[PDB]
Amino acid sequence: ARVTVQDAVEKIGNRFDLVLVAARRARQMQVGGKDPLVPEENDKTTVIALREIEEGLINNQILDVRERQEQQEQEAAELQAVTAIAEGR
Amino acid sequence: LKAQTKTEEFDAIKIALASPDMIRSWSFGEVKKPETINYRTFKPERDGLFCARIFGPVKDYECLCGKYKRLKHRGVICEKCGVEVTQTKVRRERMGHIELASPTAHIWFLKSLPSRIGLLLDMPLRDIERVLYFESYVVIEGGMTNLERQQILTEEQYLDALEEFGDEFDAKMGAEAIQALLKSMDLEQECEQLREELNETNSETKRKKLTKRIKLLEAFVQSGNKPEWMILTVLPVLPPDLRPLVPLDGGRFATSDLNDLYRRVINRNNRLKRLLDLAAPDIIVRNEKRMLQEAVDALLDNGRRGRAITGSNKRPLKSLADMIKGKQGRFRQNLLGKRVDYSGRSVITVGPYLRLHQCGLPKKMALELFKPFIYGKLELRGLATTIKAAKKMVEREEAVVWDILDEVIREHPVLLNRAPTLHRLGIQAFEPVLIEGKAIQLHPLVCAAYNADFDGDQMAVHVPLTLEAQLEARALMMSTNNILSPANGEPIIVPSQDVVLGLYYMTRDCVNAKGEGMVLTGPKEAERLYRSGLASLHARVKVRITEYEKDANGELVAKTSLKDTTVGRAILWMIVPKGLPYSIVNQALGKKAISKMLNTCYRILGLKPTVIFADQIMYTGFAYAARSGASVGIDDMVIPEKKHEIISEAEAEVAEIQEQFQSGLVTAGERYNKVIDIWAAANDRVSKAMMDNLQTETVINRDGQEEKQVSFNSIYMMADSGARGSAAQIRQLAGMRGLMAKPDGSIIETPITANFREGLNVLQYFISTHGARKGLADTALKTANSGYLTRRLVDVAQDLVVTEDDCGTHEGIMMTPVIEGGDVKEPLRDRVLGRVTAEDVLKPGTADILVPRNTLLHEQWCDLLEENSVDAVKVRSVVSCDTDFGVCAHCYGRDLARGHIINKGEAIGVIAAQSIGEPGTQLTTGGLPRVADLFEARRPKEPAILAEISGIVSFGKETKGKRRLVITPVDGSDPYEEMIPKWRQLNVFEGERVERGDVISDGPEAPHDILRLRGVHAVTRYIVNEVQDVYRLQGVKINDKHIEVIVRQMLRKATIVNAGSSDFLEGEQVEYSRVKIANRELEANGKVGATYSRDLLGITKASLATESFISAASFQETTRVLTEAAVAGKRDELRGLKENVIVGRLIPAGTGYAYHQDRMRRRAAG
Amino acid sequence: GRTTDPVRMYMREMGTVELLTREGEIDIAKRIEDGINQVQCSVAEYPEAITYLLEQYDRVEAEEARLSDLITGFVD
Amino acid sequence: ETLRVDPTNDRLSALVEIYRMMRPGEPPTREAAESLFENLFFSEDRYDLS
Amino acid sequence: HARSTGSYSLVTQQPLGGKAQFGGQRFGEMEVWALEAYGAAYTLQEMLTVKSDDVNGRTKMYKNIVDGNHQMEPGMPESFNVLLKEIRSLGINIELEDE
Ligand SMILES: [Mg+2]
Ligand SMILES: [Zn+2]
Ligand SMILES: [Zn+2]
């Protein structure tokens, strides 16, 4: 397991916002919209997320940028769908 | 954009008086009948207290008459009896009403201590009630005739005044009268008139009252309540499922008393309607109005009239006010407690094999606890066709599921809690380890924090369901993440007893044994030498060791040498990781040193190494303690060979003094003191005999004839190491035990001359008994007192949380060593450690900045400080923080379970209160009451007085109970003249000058004075130093920080002096004031700024001040709080903790800070 | 004074009223007779009060009502 | 001095104050005061030290 | 003793053992303060909402627990919701402002 979180608290400061970010990420994995950024040892989404924090590939900034990209990915698809909704006129 | 209409997620809450029409808004029908159910078919009788038509269907999606039974028909109101078919849950929701015939007073507003209707109308209570009972007539809108508007007449007087004054004079009686008064009342006119009246007459008596009243009136206008509202036209009825009739076994029924009450109200009201339509005499209808008023009053709040008793049962029926109040408090049901799913408990056991990050969890318990998880997983993999089948599998306890439970358990921590939760460490999170048996296994090192012995204490487990709770449990509540007390940076994971006897027995040296004086390549072959029996565990030996030092820049230096040590120390060194010096293990390793080892290890190598180190220390401690073969025999307790002789001589003294008393040479009292003194000395003699004998009397041979060292005697090693026992108890075991006292407290002059090792006799034991019982009773009481203190404390602080980061002020308090009278009762180091420097400090020489302004002083910075001679450091305190509505992390301190600076959003007030309160049982004027007195700011019984102002003073007038002191300052006016009672012996020199805050007499002083005549830093210093005196005298470690936050809450309020915005003498928030005058100094009036004066409010008083009424209604008197808030139409915005706990939403501290802040800013914004 | 407990504020309030003399009961009763009979006679002197009763009986024998809902008996 | 603080004068004057002490609020009666007082510590029914 | 989801009390919906199926551990004020000193908001919310007092929350949660989704859609605890009716039963109008 992950016995101490201290390195994770090292990367992002607050020690609370860590729990929050890790929660968000662990949810990205748990309800499966996504997959791990680090080898799954049978560590649950909790610890996988934490490991992802330690290795500095996951924090609030990164997740925000990713989500903001995905919004536009869906805009790209529905681009032809919702413009055909010109029936608003 | 339409904001929204239907349910969004709300914020704040509002409370006010309720309209006849607004009361009708909630009502879905008028209950016209006292009847409940039919008596055979138990269906609700329409229309009554229990009704399907007014309230709802009896069963889900089913009409009462039975016509429409289908879930398809929903919004249909049945033609037969209109009942919309909808879930039966709504019968727990929908309200109703009753239209009262005559107006009725709302007893909450009549009997509230400052009677609301009364002081609104500026009418006395007795007059109002008098009128309410039809015992007198009261004028309304008297016009110009003979009579005052509020004046009260009698029968004869009313008739006379009527015969004279026709119209243009008006009087009524009863509730209708009071309602007429309230309705006729014009607040605005009163406002104008009162402002003028205020202005004209100069007398304190007049204008104080005047101003209070006008402010009250404008407050009630601002509302929105209007006066008639205090009088009830319409009476709402509580939804029936909230006062249920539900059946029982034996066909029996049980129901709430609210049905009895409501029934009474309805019956009397209907009867009044009847008596009106029958044209009954006044005497009757009046009695019916009185009875109805009594009924309504009994229903709302029972006990402010006659205390009606429930049917056939003597016990007074509980009313709506009592429904709200609850009891055993002060407890509002979020407060006292709430039952919780996914949880359990059992007896606990040891489990030393555990890493400190885990705990043994019984198989069955873990099965029942994780049940839904197990179901979902089982069918996730496909071992179970469906959830139903998954239950049947786990119910079969099929062989497969244990392997699944192994999965659901792995990364998924559980919360362990013990009964007396004091500080936050009372709950800790561990990793479940599946265990055969019904008992929970709790790591030994944690036994300290829980205060949990193994004598049958029980612990409770809770499962953190949601993901956020799992991560909160792992990153916050986790065992390994709190290794340090929040009260002080000292390790709470310190090894307890068996282990310390182990490391002590390992590292100690005898004078001689196998392997003495040989040489070995290293610890490896030292252990290898010992295990094979060649070399004794403890023998003086030189061995080559390699220590490390990280003293390069973030880099470990290696060095090796020949150390003169023992085989034991050598073996133990294998456990010490990396950078620690060999010096740490080369001592005797007592419970104290064994702790400083861990602490140093933490502050050097970090968390992880400290954790694994601690684990290893426990393991080796137990193992070697077992090897040691330590035991306790009857001969292990050695009675001094000189005891009998000491007893004899001391016994001769008593007979000397006795002969002197017989000869009259000495009086009775002085004699008593003498004999008591001689025996008291004898006790010390025997104690300091047995301690020498017990301690050093191993006399053993090395090479030459003899040498003598400290004893290997078991009980001694126990008491010495810190394992258990102490010189007092050992003294009671070998030497004579004490002197006892009768229940009086008069100390018996014949001490117990025998100890426990020898047998006590009948008398000695009987006399010991009182001391015993007083001990048990006292401690059992001090538990309660401690609890009360913690409660007062968290009530006073709570919502104070770290809010901002750096308020950026140079302000702080001047930190010196306490230096009391002897040497150094506490060092400067401990006082300044983990704190932040207010400003850059000098070397003895200057323009030399060693520590630059605000830098958390960590252990290294502190040691640099100690290298230089630095005697003083100004330190930022929570009391001086410029930040409003909280504390900035930069000003708080570093302290936490972690060594790093405090995080944004942690709630420090709570942990401060908890930290002050946890040791509170340990404390023995003095003592715990002293602490309570300090925090309550209570003026002592026989206080001193401080000079009101500097300058030369002198005595004037005479002997009127006070002989006046006339102060004479140099430049200023004289006029300060204080009256000091002359029958107290003074101090101040009649011919000398005295600075403000000097001693004009002796005796303790009230901290109010210390604040006023000395100042804020002076008073905070006084409090902190006094309470710290109380604790430190008991050997309790509490950092100044917590007491300082408590102090900050104490002085929260301040009373205004000057003007330009608000009223003259108002006690008000400094945060408010300072914000307003800082805002006022620029803009506004160029500067109108208002002066204030700091106020010291005791904790129990400061807790009283709260903006949130939901919070106040919790720990205060609920009945009064709800009224007092309702009149002002007070709108609670939540904000604080207690209210958010009550309403069941996220705590605005913690993980919640992100949310609430994010929302708080979204609010009052775009 | 008043101890509240409305049993008292009642008991004391009625306790003022004096017990009737035997003859006084007849005084009151006679007063009742006078009083009622006045409204009975005033009803008798109203033409519409007659015609209405007529039309109502005309409704009774026409089977639009019953004899119990008009008269509670005459004398007889 | 106790007497100097005594509002009463004769036996019945005291019995009134005692009865109005025990069951206050309601009009005193002679037979009532005597009955109550004799019933308190002096009745074989309502009082026993054993 | 141990319990996951048992019987519930009628008057206020709260965990109640009736079956020798046990009512869960009582989580008191001090135990709440313990959670308050730690930064754990969610542990506490779920402690006094979904795990106990929320009649919707408990079941809506349970389904997520079995679905393999750890979340909570808490809503309002039934105790406070009752207290609103009890307060409003008097001449007191207690509302929920704004949005
Ligand atoms: Mg114990
Ligand atoms: Zn129907
Ligand atoms: Zn600050």
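I need the calculated FRET efficiency for the pair B:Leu248 and D:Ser50, taking r as the beta carbon distance and R₀ as 56 Å, to the nearest 0.05.
E(calc), rounded to 0.05, equals 0.80.
Which residue, B:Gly951, B:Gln660, B:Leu842, has the largest displacement toward the positive end of the dipole of chain B when charges sit on each Cβ (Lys, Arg +1; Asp, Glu -1)?
Of the candidates, B:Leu842 comes out farthest on the positive side.
Given an 8 Å cut-off on Cα distances and at least 6 residues of separation, report the relative contact order of the stretch B:483-613 as a percent.
26 percent.
If you project the alpha carbons of the stretch B:530-572 onto their three principal axes, what span does each projection cover, largest first, in Å?
Over the stretch B:530-572, Cα extents along the principal axes are 43, 16, 12 Å.
Among D:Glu26, D:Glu34, D:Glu17, determine the one that fluctuates most according to a GNM of chain D built with springs between C-alpha atoms less than 10 Å apart.
Comparing D:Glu26, D:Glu34, D:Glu17 in the GNM, the peak value goes to D:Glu26.
Kindly rank B:945-955, B:377-387, A:16-26 from highest to lowest mean number of other beta carbons found within 10 Å of each residue.
A:16-26, B:945-955, B:377-387
Given the rule -39500 (n - 2.57) for each run of at least 4 DSSP H residues, summed and divided by the residues of chain E, what is its mean residue ellipticity at 222 nm, to the nearest 500 deg cm²/dmol?
-12000 deg cm²/dmol, from helical runs alone.
Looking at chain D, which chymotrypsin sites (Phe, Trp or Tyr not before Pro) are DSSP coil and have at most 14 other C-beta atoms within 10 Å of their C-beta?
For chymotrypsin sites (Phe, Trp or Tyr not before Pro) across chain D that sit outside H, G, I, E and B with at most 14 neighbouring Cβ atoms in 10 Å, the list reads D:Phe41, D:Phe42, D:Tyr47.
Plugging the Kirkwood radius over Cα pairs into Stokes-Einstein for chain A, at a temperature of 4 °C and a viscosity of 1.567 mPa s, what D comes out in µm²/s?
In µm²/s, the coefficient is 88.
In nm, to one decimal, how far is the B:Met814 label point from the B:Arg853 one, both placed 7 Å along Cα→Cβ?
It works out to 2.3 nm between the two label points.
Going by a ≥ b ≥ c, the root eigenvalues of the Cα gyration tensor, does the protein assembly as shown fall in the rounded group (a/c under 1.5), the prolate group (a/b larger than b/c) or the oblate group?
Prolate, since a/c reaches 1.5 and a/b exceeds b/c.
With each label point set 7 Å from Cα along the Cα-Cβ vector, what nm distance links B:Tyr788 and C:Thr21?
Using points 7 Å along Cα→Cβ, the separation is 7.2 nm.
Tell me which of A:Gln30, B:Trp402, E:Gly6 sits at the most positive position along the dipole axis of the protein assembly as shown, charges placed on C-beta atoms (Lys, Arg +1; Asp, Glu -1).
The one lying farthest along the dipole's positive direction is B:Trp402.
Highest first, please rank the peptides B:531-540, A:30-39 by the mean number of other Cβ atoms sitting within 10 Å of their residues.
B:531-540, A:30-39
Based on other C-beta atoms within 10 Å, arrange B:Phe454, B:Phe220 from fewest to most.
So the residues, fewest neighbours to most, are B:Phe454, B:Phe220.
Provide a whole-number value for the mean count of partner chain Cβ atoms within 10 Å of the Cβ atoms in peptide D:21-27.
The per-residue average across the peptide is 2.
Compute the distance from the alpha-carbon center of the stretch A:26-55 to that of the stretch B:515-582, in whole Å.
Cα centroid to Cα centroid, the span is 43 Å.
Given D:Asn39, B:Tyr1022, B:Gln1034, which one lies farthest toward the positive end of the charge dipole of the protein assembly as shown, if we put +1 on the Cβ of every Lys and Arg and -1 on the Cβ of every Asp and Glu?
B:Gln1034
Return the calculated 222 nm mean residue ellipticity for chain B, to the nearest 500 deg cm²/dmol, obtained by summing -39500 (n - 2.57) across DSSP H runs with n ≥ 4 and dividing by the residue count.
-11500 deg cm²/dmol
Is there a quick way to get the dipole size of chain B? I mean about its Cα centre, with the Cβ of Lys and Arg at +1 and of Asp and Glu at -1; what is the value in debye to the nearest 20?
4600 debye
Measuring from a point 7 Å past the Cα of B:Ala558 along Cα-to-C-beta, which residues in the stretch B:574-609 have an amide N at less than 19 Å?
Within reach of a label on B:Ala558, which here means backbone N under 19 Å from a point 7 Å along Cα→Cβ, the stretch B:574-609 contributes B:574-583.
Within 10 Å of each candidate Cβ there may be at most 12 other Cβ atoms; applying that plus a DSSP loop requirement, which GluC sites (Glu not before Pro) in chain C survive?
Qualifying residues, ordered by number: C:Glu18, C:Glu45, C:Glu61, C:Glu63, C:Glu64.
In this model, which of B:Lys183/E:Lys85; B:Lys377/E:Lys63; A:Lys11/B:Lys904 are farther than 19 Å apart at the alpha-carbon?
Distance filter (> 19 Å) returns B:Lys183/E:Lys85.
Normalising by the residue count of the stretch B:763-888, find the relative contact order in percent from Cα pairs under 8 Å and 6+ residues apart.
30 percent
How well do other chains shield peptide E:73-81, expressed as the mean number of their Cβ atoms within 10 Å of each residue Cβ?
Mean shielding count: 5.
Restricting attention to the stretch B:570-657, which chymotrypsin sites (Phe, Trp or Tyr not before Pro) occupy a DSSP loop and are surrounded by at most 10 other Cβ atoms within 10 Å?
Listed in order of number, the matching sites amount to none.
Would you please give the residues with an amide H less than 5 Å from that of B:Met95, counting only those at least 5 places away or on a separate chain, with H modeled from the backbone geometry?
Placed amide hydrogens put B:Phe28 under 5 Å from B:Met95.
Taking the alpha-carbon distance from B:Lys708 and a cut-off under 19 Å, which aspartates and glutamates remain once sequence neighbours fewer than 8 residues away in the same chain are dropped?
B:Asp509, B:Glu516, B:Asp636, B:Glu641, B:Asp692, B:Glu697, B:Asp720
List every residue whose amide H lies under 5 Å from the amide H of B:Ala754, counting only residues 5 or more places away in sequence or on a different chain, with H placed 1.01 Å from N in the peptide plane.
Under 5 Å from the amide H of B:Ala754: B:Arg737.
How high is the relative contact order of chain D, given as a whole-number percent (alpha carbon pairs under 8 Å, six or more residues apart)?
25 percent
Amide H of B:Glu547 versus every other amide H placed in the peptide plane: which residues, excluding those fewer than 5 positions away on the same chain, fall under 5 Å?
Amide H neighbours of B:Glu547, under 5 Å, 5+ apart: B:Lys559, B:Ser561.
Using a Förster distance of 60 Å, how high is the FRET efficiency between B:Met144 and B:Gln1034, based on the Cβ-Cβ distance and rounded to 0.05?
Calculated transfer efficiency: 0.20.
Report the residue, chosen from A:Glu70, A:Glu78, A:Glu54, that carries the largest GNM mean-square fluctuation when chain A is represented by alpha-carbon nodes joined by springs under 10 Å.
Comparing A:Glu70, A:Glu78, A:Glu54 in the GNM, the peak value goes to A:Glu78.
How tilted is helix D:11-22 with respect to the longest principal axis of chain D? Cα atoms for both, answer in degrees (0 to 90, nearest 10).
70 degrees
Charges only on Cβ, +1 for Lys and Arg, -1 for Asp and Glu: so what's the dipole of the stretch B:703-813 about the Cα centre, in debye to the nearest 20?
I would put it at about 1000 debye.
Label-point separation (nm) for A:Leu37 and B:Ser631, each offset 7 Å from Cα along Cα-to-Cβ?
6.2 nm
Any idea what the dipole of the protein assembly as shown comes to, in debye rounded to 20, about its Cα centre with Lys/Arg Cβ at +1 and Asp/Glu Cβ at -1?
4400 debye
Based on the Cβ-Cβ distance of B:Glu99 and B:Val1070, what FRET efficiency does E = 1/(1 + (r/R0)^6) give at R0 = 45 Å, to the nearest 0.05?
0.35
If you add up the charges near B:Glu1081, with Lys and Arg at +1 and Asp and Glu at -1, over every other residue whose beta carbon is less than 12 angstrom from its beta carbon, what do you get?
+3
Report the residue, chosen from A:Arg51, A:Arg27, A:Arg66, that carries the largest GNM mean-square fluctuation when chain A is represented by alpha-carbon nodes joined by springs under 10 Å.
Of A:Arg51, A:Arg27, A:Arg66, the Gaussian network model singles out A:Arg66 as fluctuating most.
Hey, what do the phi angles of the stretch B:617-627 turn into as Karplus ³J(HN,Hα) couplings, whole Hz, using 6.51/-1.76/1.60 and θ = phi - 60°, x for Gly and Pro?
Values per residue, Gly and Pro as x: 4, 4, 4, 5, x, 4, 4, 5, 5, 6, 4 Hz.
Across 10 Å bins from the origin, how do the percents of Cα pairs in chain B run, short distances first?
1, 7, 12, 15, 17, 16, 13, 9, 6, 3, 1, 0, 0
Considering every residue in B:1150-1162, what mean count of other chain Cβ atoms within 10 Å of its Cβ is obtained?
Taking the mean over all residues of the peptide, I get 4.
In this analysis, Cβ positions are derived from the backbone assuming ideal geometry, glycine residues included, and neighbour counts consider all displayed protein chains. Read-outs: derived from the displayed coordinates by stated rules, not from any lab.
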